[PDB]
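A lone chain, given as structure tokens: the form deposited in one PDB entry.
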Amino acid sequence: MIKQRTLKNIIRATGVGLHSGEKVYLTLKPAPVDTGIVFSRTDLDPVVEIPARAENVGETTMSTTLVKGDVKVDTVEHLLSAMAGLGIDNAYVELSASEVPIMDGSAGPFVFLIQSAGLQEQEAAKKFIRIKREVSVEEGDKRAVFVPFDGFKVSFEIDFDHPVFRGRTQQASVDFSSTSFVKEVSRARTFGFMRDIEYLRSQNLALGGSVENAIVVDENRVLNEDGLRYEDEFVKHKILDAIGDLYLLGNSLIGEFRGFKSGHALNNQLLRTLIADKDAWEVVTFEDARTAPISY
């Protein structure tokens, strides 16, 4: 059977929150079968735990934020993308502050941490959510869709008209049958438009942002001197973001996500909308890994 996966060892890193600029200690720990990913604010007394599930996502302008009462864990999407990409079912994530460290702006550092902790197979069948019927949500010209697919595929299109984006692909469709999440998706850095980052900074936000953790573009050019890690790094980061947000379903997906100018809010709306309709999905396991449309 395809087994559930956790970490072999506890592993740690430090960084700063992108939004808050606050130094934060991060700890990844093994967890028992059927735990899922659970965040813990260990700085608080008592310690507050928030399961990484769609229903616990709050309403914020930027990034995916988990909430329980007045307690938050901000910017969970890149770490969760790495967890999803490596097929980690169960883990505890301890944080000393209200935001996951931004690291280099990609999922790469979290992939590195997870790999370094080691991968531990557990004695229980891994559960998958299979999309049975197409479900969609929209807001203006933004659209997010789950489509049935015998495998795992993430497609995304952005639609920027600014000169800096002219001629760029702005679209990608990744079938993970033949694409490596680690090598071809995980290192895509977050990005922002200079005018928008200026606005955030004027409000004392984006305090942790720097040339070391984000690609900055103005209307006409990429400002980062070194260029891009992938030729289509921008849309690849949107795909990274979607994979992280989708992991709030609590299980790996058998299906396709299609995003059109979508973001964290719409991604979460899609999850809640899918979850509510039991005719549109089912939970499956694989007693024979060879008969599975995916592999970790």
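We call the rigid core the largest set of C-alpha positions that still match within 1.5 Å between the two forms. So that there is no doubt, residue numbering starts at 1 and follows the sequence shown.
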Checklist entry - Between 269-277 and 282-290, which has the higher average C-alpha B-factor in the PDB entry? => result 282-290
Checklist outcome for this item: When mean C-alpha B-factors in the record are compared for 140-148 and 206-214, the larger belongs to 206-214
Checklist outcome for this item: Listed options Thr75, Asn90, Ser81, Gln122: highest C-alpha B factor recorded at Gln122
Checklist entry - For the listed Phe112, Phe176, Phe191, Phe156, which has the peak Cα B-factor recorded in the PDB entry? => result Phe176
Item to check | Chain-relative CA temperature factor third for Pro51 | outcome: middle
Checklist entry - Mind checking which third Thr169 falls in for C-alpha B-factor across the chain? => result middle
Next on the checklist: Using the temperature factors of the C-alpha atoms in this entry, rank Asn224 within its chain: lowest, middle or highest third.
Outcome noted: highest
Next on the checklist: Please place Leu248 in the lowest, middle or highest third of its chain according to the CA B-factor in the PDB entry.
Outcome noted: lowest
Checklist outcome for this item: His162: CA temperature factor from the record, placed by chain third, in the highest
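Below: the form deposited in another entry, not depicted.
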Next on the checklist: To test your reading of the superposition: with the rigid core aligned, which of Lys132, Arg168, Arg143, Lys72 moves its Cα by 2 angstroms or more between this form and the one not shown?
Outcome noted: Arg168
Item to check | CA of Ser96, rigid core aligned, shift of 2 Å or more between this form and the one not shown | outcome: no
Next on the checklist: With both forms fitted on the core, check whether the Cα of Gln122 differs by 2 Å or more between this form and the one not shown.
Outcome noted: no
Item to check | Core superposition between this form and the one not shown, C-alpha change of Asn213 at least 2 Å | outcome: no
Checklist entry - Which is it in the other entry for the CA atoms of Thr179 and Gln120, closer or farther than here, knowing they shift by 3 Å or more? => result closer
Checklist entry - Shorter or longer C-alpha distance for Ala172 and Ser178 in the other entry, given it differs from this form by 3 Å or more? => result farther
